[PDB]
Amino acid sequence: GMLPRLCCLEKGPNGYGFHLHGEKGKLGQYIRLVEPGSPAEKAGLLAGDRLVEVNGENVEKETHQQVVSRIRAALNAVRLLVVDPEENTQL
């Protein structure tokens, strides 16, 4: 498809089932460690994906702490717009 993947997750008993990872001295948060059978896997989330939006707000330039806050503070559901960094670039 041509639209970025939009992963819509409902929180389970063990959370969403993925980790969020940031680099050194460079903006960007990425998906890691997607648990098998989790809401994250069922929604199509993949390790290595760059997180572009959370619940309709752009997080490409935000700190790790801000993005976690935006994912968490939400009410047991989150919509994550993600892209393959290999094939996608913000200009």
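Here the rigid core means the biggest group of C-alpha atoms that line up within 1.5 Å when the two forms are laid on top of each other. Quick note: we count residues from 1 along the sequence shown, nothing fancier.
Participant: Relative to the presented form, and with the rigid core used for superposition, do the C-alpha atoms of 74-82 or of 18-26 deviate more in 8 other deposited structures of this protein?
Facilitator: The stretch that sits farther from the shown form in 8 other deposited structures of this protein is 18-26.
Participant: Relative to this form, superposed by the core, which stretch has the greater CA RMS in 8 other deposited structures of this protein: 27-35 or 50-58?
Facilitator: Relative to the shown form, the greater RMS C-alpha distance in 8 other deposited structures of this protein belongs to 27-35.
Participant: Mean CA temperature factor from the deposited coordinates, higher in 23-31 or in 46-54?
Facilitator: Mean B over CA atoms: larger for 23-31.
Participant: Do the C-alpha atoms of 11-19 or of 77-85 have the higher average B factor in the entry?
Facilitator: 11-19 has the higher mean C-alpha B-factor.
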